[PDB]
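Colleague: Residue numbers (my numbering), protein chains in the order written: chain A, 1 to 45; chain B, 46 to 90. A virtual CB, placed ideally from N, CA and C, is assigned to each residue, including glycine.
Number of protein chains: 2
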Amino acid sequence: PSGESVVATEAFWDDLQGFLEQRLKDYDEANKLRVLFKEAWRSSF
Amino acid sequence: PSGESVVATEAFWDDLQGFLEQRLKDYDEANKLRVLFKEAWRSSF
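As structure tokens, this is what we get:
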């Protein structure tokens, strides 16, 4: 992986939010960041 | 943690990029995303 196709996966963002949940201790906030970061990644194109 | 003060830490973003490195298998790409996502988080304010 060069680092893109995996980022384009729901699995990536699920685990990404999983990490966010671990650190932030908040599902909803981690969810907000999952979306925000994914949209930022979308703007990376 | 409500999910913000930890996100405001370099440690958070370091581990965040660590996760990105694990999945993406690329330090530079993971770094790009660390910055991008952090700037997105900045725009969350």
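Just checking: is the beta-carbon of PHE57 (chain B) within a distance shorter than 8 angstroms of some beta-carbon in chain A?
Modeller: Interface residue, yes.
Colleague: What three-state label does DSSP hand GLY3 (chain A) in the structure shown?
Modeller: DSSP places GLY3 (chain A) in coil when its eight states are reduced to three.
Colleague: Quick one: is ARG34 (chain A) near chain B, going by C-beta distance under 8 angstroms?
Modeller: Not closer than 8 angstroms to any Cβ of chain B, the Cβ of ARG34 (chain A) fails to qualify, so no.
Colleague: From the beta carbon of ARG23 (chain A), is the nearest beta carbon of chain B less than 8 angstroms away?
Modeller: Interface residue, yes.
Colleague: Among B:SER88, B:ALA56, B:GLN67 and B:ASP73, which one has its Cα closest to the Cα of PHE12 (chain A)?
Modeller: When each option's Cα is compared against that of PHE12 (chain A), the closest is B:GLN67.
Colleague: Just tell me which of B:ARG87, B:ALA85, B:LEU69 and B:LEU81 has its CA closest to the CA of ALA8 (chain A).
Modeller: Considering only alpha carbons, the answer is B:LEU69.
Colleague: With distances taken between CB atoms, is the gap from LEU36 (chain A) to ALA85 (chain B) smaller than 8 angstroms?
Modeller: It is a contact, given that the beta carbons lie within the stated cut-off.
Colleague: Quick check: what's the CA-CA separation for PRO46 (chain B) versus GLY18 (chain A)?
Modeller: Answer to the nearest angstrom: the Cα atoms are 15 angstroms apart.
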